[PDB]
Structures are given as C-alpha cells and as structure tokens.
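Take a look at this single chain, the form deposited in one PDB entry, given in structure tokens.
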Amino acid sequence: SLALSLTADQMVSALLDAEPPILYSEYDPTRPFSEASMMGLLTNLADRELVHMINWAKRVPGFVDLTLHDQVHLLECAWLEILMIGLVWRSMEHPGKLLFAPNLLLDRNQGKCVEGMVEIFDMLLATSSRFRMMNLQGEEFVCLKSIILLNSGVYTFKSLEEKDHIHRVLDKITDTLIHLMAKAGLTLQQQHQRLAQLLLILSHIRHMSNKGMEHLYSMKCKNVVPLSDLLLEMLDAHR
C-alpha cells in the first residue's frame, strides 16, 4: 500500500491537492424564496458536489486499496457528513450565515422557510462558530474530512483484513494531525486536547447528518422537491 508509506507532510499535500472546488448555485437574488425553490437549489448544488466528492474520495490515501463494494458503502454512509463539514468549513469567516455557495449565503431566518430545517441550521452554525473559536486550519480540516470518509461506515459493513487496513490509515491520519499541531507550537497537553476537541466535533457532525438524512426522507415522500437520481440512491441507502 502507498498510503502507509506516506509521511505526514506528504499526507497533507496529497489531501490539499485533492480538495474539490467550491461550486456555484443557481441562486437569483431578484427571484423570491419558496421552500421548494431553496431546497431545489440546495439539491441541485449537492448533486453536483457529490460528483466531485466521488472523485475526491478516489484521491484519499488508502481509499483505492479498498474493494469497490466497500468504497460504495463508505460514501453511502458518509456523503452528507462530508457535505456538511465542507459547508461548515467554508462558512467559518461568515458569522451567523451558511455559505452554501459563493453566491448563496443564508441566515437562519431564511432557513425557516423549510419546515424543521431551522434546528439543523443552528447546529451547522454552532459547528462553524466552533471552528472559528478553535482557529481550525485547512490542513486539519482535510484530515478531519478524510477521517469521516473512512470512519463513518467502518462499523457497519470472512476477510476482516479490510478493517485493519482502514484502522492503519486512520492511525496514520491521527499521526498527521499531531504532527501539524506540534509544528504550530502546541505543547503535548495542548496537542492531545485539541486532537480530542476536533474528533468530538465529528460526533456532532454525525448527529447533524442523521437528522438531515431523515429530513430528506420527508421531502422525498412529500414529493414537492424532486430529488436527483444520484441523491435518491444515496438516500435510500440509509432508509
């Protein structure tokens, strides 16, 4: 395997070079908002982000070593977690707003246009504000996003050697995060604490995804917002 031979610095540069681009929305400022229109813009946006996410996942160290069936399952379980942490990341410098796209910046007042969507909006905001207080770095973010990809579906799959390889890569990413924090001047006590703080946030990202996933069920059944063929397939993988 190549991923296991990589140094921490090589891991970071590989992860940074594989960053997907920040796509634009079809949002028209002159046009007025409806629950169907806003969710349609978000659904159109996420459906395009998924294509880049799929090709970004191929670039994550160790991901191609996995069987194809495990690649499907990892992405099927983690796709909304990854969309959400990317959303939260690019929203750091915008307090009280979620930057879904450079042309789609929303506050929680506009998130109330969708029923029940206000509660998850506040959690994303709190997560984004939390990244601000921590001064989260881009090198730490790409580690966290890769951890989600490999971790969120590993305990829900007789060759169990697939999980050992995943845990070895996960351990390598932990080594990477620590290496980054040590360069920033943090003491060993500060390194462990920050490391714990970062990974605890992933627990909240799992919670937001689960909640968001069940909200996407309702819109599917409600049928007011059409869902793309790819998102429908990613959806019923959870339900």
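Residues that one form lacks are left out of the comparison. Take the two forms, find the largest set of C-alpha atoms that superpose within 1.5 Å, and that set is the rigid core. We number the residues from 1 along the sequence you see.
Asks: Out of the other entries of this protein with residues modelled on both sides, is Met84 skipped in at least a third?
Replies: It is not, since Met84 is included in all of the other entries that model both flanking stretches.
Asks: Check whether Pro29 has no coordinates in at least a third of the other compared PDB entries of this protein, counting only entries that model residues on both sides of it.
Replies: It is, since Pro29 is left out of at least a third of the other entries that model both flanking stretches.
Asks: Between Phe157 and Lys158, how many residues of the deposited sequence have no coordinates in this entry: none, 1 to 3, 4 to 9, or 10 or more?
Replies: Going from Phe157 to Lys158, the model skips 4 to 9 residues of the deposited sequence.
Asks: Looking at the deposited entry, does 191 to 199 or 57 to 65 carry the larger mean Cα B-factor?
Replies: The deposited B-factors put 57 to 65 ahead on the C-alpha mean.
Asks: Taking the recorded C-alpha temperature factors, which stretch has the higher mean, 168 to 176 or 23 to 31?
Replies: Taking the mean C-alpha B-factor of 168 to 176 and of 23 to 31, the larger value falls to 23 to 31.
Asks: Kindly indicate the residue among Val72, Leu105, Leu87, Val118 with the greatest C-alpha B-factor in the PDB record.
Replies: It is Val118.
Asks: Report the third (lowest, middle or highest) to which the CA temperature factor of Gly212 belongs, ranking only the modelled residues of the same chain.
Replies: Bottom third by C-alpha B-factor.
Asks: Within this chain's modelled residues, let me know which third the CA B factor of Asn135 belongs to: lowest, middle or highest.
Replies: Its C-alpha B-factor, which the entry lists for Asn135, ranks in the middle third among residues of this chain.
Asks: Please place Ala46 in the lowest, middle or highest third of its chain according to the CA B-factor in the PDB entry.
Replies: CA B-factor rank for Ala46: lowest third.
Asks: Looking at the entry's B-factor column for C-alpha atoms only, identify whether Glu81 ranks in the lowest, middle or highest third of its chain.
Replies: Tercile = lowest for this residue's CA B-factor.
Asks: Split into thirds by Cα B-factor across the chain's modelled residues, where does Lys163 land: lowest, middle or highest?
Replies: CA B-factor rank for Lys163: highest third.
Quick note: we don't show the form deposited in another entry, though the next part is all about it.
Asks: Any chance the CA of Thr30 moves 2 angstroms or more between this form and the one not shown, core superposed?
Replies: True for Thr30: a C-alpha shift of 2 Å or more.
Asks: Relative to the superposed rigid core, does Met219 relocate between this form and the one not shown - that is, does its Cα move 2 Å or more?
Replies: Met219: C-alpha displaced by 2 Å or more between this form and the one not shown.
Asks: Based on a C-alpha change of 3 angstroms or more, tell me if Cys221 and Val114 lie closer or farther in that other deposited form than in the shown form.
Replies: Here the pair is farther apart than in that other deposited form; there, closer.
Asks: Flagged pair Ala57/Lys220: C-alpha distance shifts by 3 angstroms or more in that other deposited form. Which direction, closer or farther?
Replies: Relative to the displayed form, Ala57 and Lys220 move farther apart in that other deposited form - a change of at least 3 Å between their C-alphas.
Asks: If you overlay the rigid core, what runs of at least 3 residues show Cα shifts of 2 angstroms or more between this form and the one not shown?
Replies: After core superposition, the displaced runs are 27 to 33, 218 to 222.
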